[PDB]
Amino acid sequence: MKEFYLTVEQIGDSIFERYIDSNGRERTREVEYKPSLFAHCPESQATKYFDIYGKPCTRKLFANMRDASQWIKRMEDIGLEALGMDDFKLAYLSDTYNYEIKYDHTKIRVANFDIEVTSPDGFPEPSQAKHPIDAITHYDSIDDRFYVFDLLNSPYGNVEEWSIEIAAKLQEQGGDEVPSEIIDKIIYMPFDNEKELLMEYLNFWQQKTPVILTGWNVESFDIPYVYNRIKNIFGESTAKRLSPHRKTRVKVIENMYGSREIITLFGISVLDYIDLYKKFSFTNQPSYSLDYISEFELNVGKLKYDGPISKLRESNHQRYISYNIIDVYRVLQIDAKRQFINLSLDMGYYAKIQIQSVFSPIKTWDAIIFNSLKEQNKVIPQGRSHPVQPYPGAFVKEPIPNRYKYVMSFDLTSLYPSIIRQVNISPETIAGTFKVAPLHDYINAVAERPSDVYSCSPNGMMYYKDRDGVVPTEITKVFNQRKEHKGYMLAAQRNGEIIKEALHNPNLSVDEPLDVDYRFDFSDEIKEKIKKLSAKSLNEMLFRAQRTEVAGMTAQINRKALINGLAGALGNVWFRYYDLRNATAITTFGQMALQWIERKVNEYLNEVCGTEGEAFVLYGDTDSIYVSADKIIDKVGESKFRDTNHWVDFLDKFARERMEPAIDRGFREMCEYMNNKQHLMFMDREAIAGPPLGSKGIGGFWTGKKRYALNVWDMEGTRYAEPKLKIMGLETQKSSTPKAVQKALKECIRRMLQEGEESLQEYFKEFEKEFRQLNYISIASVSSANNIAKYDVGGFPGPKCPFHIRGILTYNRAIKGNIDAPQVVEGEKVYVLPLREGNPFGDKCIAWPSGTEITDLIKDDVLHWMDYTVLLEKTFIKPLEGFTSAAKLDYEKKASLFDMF
DNA sequence: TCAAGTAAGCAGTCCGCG
DNA sequence: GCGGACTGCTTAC
Ligand SMILES: Cc1cn([C@H]2C[C@H](O)[C@@H](COP(=O)(O)OP(=O)(O)OP(=O)(O)O)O2)c(=O)[nH]c1=O
Ligand SMILES: [Ca+2]
Ligand SMILES: [Ca+2]
Ligand SMILES: [Ca+2]
Ligand SMILES: [Ca+2]
Ligand SMILES: [Ca+2]
Ligand SMILES: [Cl-]
């Protein structure tokens, strides 16, 4: 077995390392690590160490780590560059693990825990920790067991033991429906007092010390609460037993306004799952309560109880404990699905960083690039301080608001990383500058050729062509991984569509799902077998196919975020390789590439239609073009096509055989023009959109930049069983618009694109007729709530007070004096509802914490005073009017014109 | 809302616009 | 009432 680190810390002049040894065993060592740093020396000195620019460097070996830090300081006082890895943990891992790390996840202790704390006087502040901890469920990945620590006696109630048999049975039997598949995995431990529970929990922690510590909100609540509670009862030294090296810190953590407190446990890698979810899931939720996310991800029903959570333990301790266990399992289930822990470890070990540093792309890329350079004996530069400066980004084309019947989109593969590689954009590859012409001149190939020797970007930057920079070299490796996993993702997606087709025809039999790998396109034998399968087996296969696709999406999209992170990090002042010359070289080249290809695609299509000046490209954002295919369809049919799938094949054949070769010729020319290192602008067909053949649908529409809808039949080679709506930027896509409204707007769009104007007018009429029956939560807007206490002034809306903030102040006033009423937490999401004039709340809106029912006292009143009229015109009618106006449609008839008869 | 980047939309406040 | 300066929030890349 090859060895791998678990955790690494610097504590004074010692590196503290937990690792897995050659025998598969967890181990700990304290290494008195002697770091090296570098200084420029004259050429006279024969050395093997060179900076990234090829300047000679002398290596400086320090007695300890504090000596290395003092030298960096004194080099600053002198005014000279101190080169090398100043994060000595990273240098240590580089020296100790001088190879590609193969890790074994089965040897890494991943702990998933949740605590319960009964609080009769509001939220229990983790930094006070004044209330007893009365439940801890702690799952261990190695044991595969849920360890339940249950307080039977508290100042808030003496309770009976939790019954495992009641927990197992249905809600309909008096039970808690704790999943069968985990019942045998529960190790249950009741305690007579909190001191006993906490002492036992600390002994347990010692024996099964987390490497990865996760859960929901554990970093902001669970961890600091357990730490401070133990600290209040036993002292600081006992609290510090949560760290394997007995060292903890705070932390702080900004931003403005104001600041939080977390506990840094040295030798643990805390990956709060809420944080993993926000970084990697690529959703924006109305609520981040576990229950909301569990419903969203797993389609599991909200685990319900009577009364408030502060009375739950004394009124129903059985359910209290059972829900603590289910809370932990929920997070494991979301991970089984999303695989964010797996992803974190992959990226973390790849980069050779503390695993928790996957949260910082700057940290991740600094470690990768350092390790790539160290391998060649090259020395990294000192990080400098830079003033934050704005710089330009992508080009977005203004669309003409309209409907568009037949649409084909084309999209550049990993654009920004592909520009890095093509141009050879890197800190050490800068060759100089050239006199820049207006961008428009490069777009039209009218400017003089920038260089005959170097590789250029239209921002004026020239780059070496003899060898690849460290940025191109390393961005390529992660790009190639991204491409691998995207393949598995798209194949899984395609395999899912074959199952959906076969679901049109079971096959009334008792059989089993096929043992297949969904990452690969189903063979003809698997296809045959699928066509003989029951609905039960086919649905189970769909679930599994869709799970593979999710797994592929996680792996692919976050490797993409990482590489896009690097292009972005070039424009972040805290990045070691921060250069605005390079950041702009990427974005300017991208602007040219899009507008260059727009010109070429128009020219091509104008040529192959016999026209001049006609604009076939109707829109583009950053790296995408949207081509109007009406004239291509018109040249053939629609006479003339058997079905929808027939013109979708014709357009797929035309895009792949005629257009892409022309796009590639267009891009090969631009590469020569810029004299780039290698041609890497690959623009594949993305979507084929249009109305169902023979229908009165409009196919798609644009309202403006970054706001559009299309009816897609084929996406990147996935031919759908049913057409899919691709809606971008419109209100159906915003977390802020109500659930019921998003749904309603979506069906309006669907009818517009697939069925026509009259189908739209009948749905709108029906929705307007029934919308007052909708549940208040389903029709409440959502906003994030920043700067509440600023507005307020005091406590009414102050000058320029935002609408949602006003609603919160209304809420604050209606719940004034209540300890147990839910407080609106600053920086979180709220539900917002408009209020009718003359209401007892004395303002036009009320807001409350999202993902929650509003307090029983006031609920009846807001429900009574809810302004449905304002609600409808604001969230539904205004947006819908914007759609139909853009699409040249009416949601209301209109005319009409006969009229009676 | 600690944690790579810019572009650009819409809601609402405030206030002009004879 | 609408739009523009401005803040707040949110999304497309
Ligand atoms: C999504 C996204 C894009 N971008 C920039 C960089 C991208 O190259 C460019 C286009 O974005 P995308 O079209 O979303 O993705 P991509 O071209 O990088 O890769 P692919 O299409 O194969 O999925 O916009 C970011 O800087 N950050 C982001 O989060
Ligand atoms: Ca792209
Ligand atoms: Ca693509
Ligand atoms: Ca069949
Ligand atoms: Ca794109
Ligand atoms: Ca070339
Ligand atoms: Cl790819």
Side-chain angles (χ1 to χ4, degrees), chain A residues 219-220 251-260 262 264 271-272 274-276 278-279 282-284 286 288 356-366 388-398 411-412 414-416 560-575 577-578 580 582-584 586-588 590-591 594 619-624 703-708 726-737 781-787 790-791 797-807 825-830 832 834 844-845 874-875 878-879 882:
Chain A
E219 203 198 32
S220 61
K251 265 289 184 167
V252 197
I253 227 278
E254 245 53 304
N255 41 205
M256 46 195 78
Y257 331 16
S259 54
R260 287 192 297 121
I262 70 173
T264 296
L271 306 171
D272 195 334
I274 197 169
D275 291 337
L276 292 175
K278 289 173 200 189
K279 179 177 178 73
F282 284 96
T283 66
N284 198 6
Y288 285 98
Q356 67 267 27
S357 285
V358 295
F359 282 118
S360 170
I362 286 172
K363 251 282 114 78
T364 304
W365 280 114
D366 199 43
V388 173
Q389 279 166 298
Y391 68 101
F395 175 78
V396 192
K397 173 191 179 60
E398 191 74 62
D411 180 73
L412 279 149
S414 296
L415 181 58
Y416 280 15
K560 174 199 171 175
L562 182 61
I563 58 184
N564 288 162
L566 180 56
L570 292 170
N572 182 305
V573 291
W574 297 108
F575 190 45
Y577 310 104
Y578 170 81
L580 233 50
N582 286 345
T584 317
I586 298 167
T587 74
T588 311
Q591 285 214 21
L594 214 214
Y619 184 64
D621 185 345
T622 308
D623 70 332
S624 342
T703 82
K705 281 179 185 177
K706 306 183 184 288
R707 309 196 111 239
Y708 64 94
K726 180 191 192 181
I727 307 161
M728 304 308 303
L730 304 179
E731 7 284 301
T732 61
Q733 307 307 117
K734 304 183 192 198
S735 67
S736 35
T737 129
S781 291
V782 183
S783 189
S784 292
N786 303 138
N787 282 128
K790 179 201 175 171
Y791 267 126
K800 201 151 179 162
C801 181
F803 192 76
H804 54 294
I805 300 301
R806 175 188 290 273
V825 175
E826 212 260 324
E828 304 268 75
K829 305 263 177 97
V830 285
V832 191
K844 61 212 198 94
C845 52
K874 259 154 64 155
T875 64
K878 274 195 200 83

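Chain A is the first sequence line, chain B the second, and so forth, proteins listed ahead of strands; every chain is numbered from 1.
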Open item on the list: Taking the axis from the first five pairs and the axis from the last five, what angle separates them in the helix from B:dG5-C:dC13 to B:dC17-C:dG1, rounded to 10 degrees?
Closed with: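 Terminal axis comparison yields 30°.
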For [X], report the nucleic acid contact type (base, sugar-phosphate, nothing); a contact means any heavy atom under 4.0 Å.
X	answer
A:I262	base
A:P879	nothing
A:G393	sugar-phosphate

Specify the separation, in whole Å, of atom [atom1] of [X] and atom [atom2] of [N].
X	N	atom1	atom2	answer
A:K279	B:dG5	NZ	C1'	13 Å
A:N582	B:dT6	CG	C1'	17 Å
A:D272	B:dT1	CG	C1'	13 Å
A:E398	B:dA7	CD	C1'	12 Å
A:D275	B:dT1	CG	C1'	10 Å

Open item on the list: Using the side-chain heavy atoms of A:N572, tell me which of these nucleotides is nearest: B:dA3, B:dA4, B:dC2.
Closed with: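 So the side chain of A:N572 is nearest to B:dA4.
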TODO: Among B:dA8, B:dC2, B:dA7, find the nucleotide with the atom closest to the side chain of A:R260.
DONE: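 Looking only at heavy atoms from C-beta outward on A:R260, the closest nucleotide is B:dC2.
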- [ ] Could you encode protein contacts along nucleotides 1-11 of chain C as a string, one character per nucleotide from 5' to 3', using B for base contact, S for sugar-phosphate-only contact and - for no contact, with a heavy-atom cut-off of under 4.0 Å?
- [x] -----BSSSSS
- [ ] Measure from the side-chain N and O atoms of A:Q733 to the backbone N and O of A:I727, and report whether any donor-acceptor pair falls under 3.5 Å.
- [x]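 Side chain of A:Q733 to backbone of A:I727, a donor-acceptor pair under 3.5 Å: yes, one is there.
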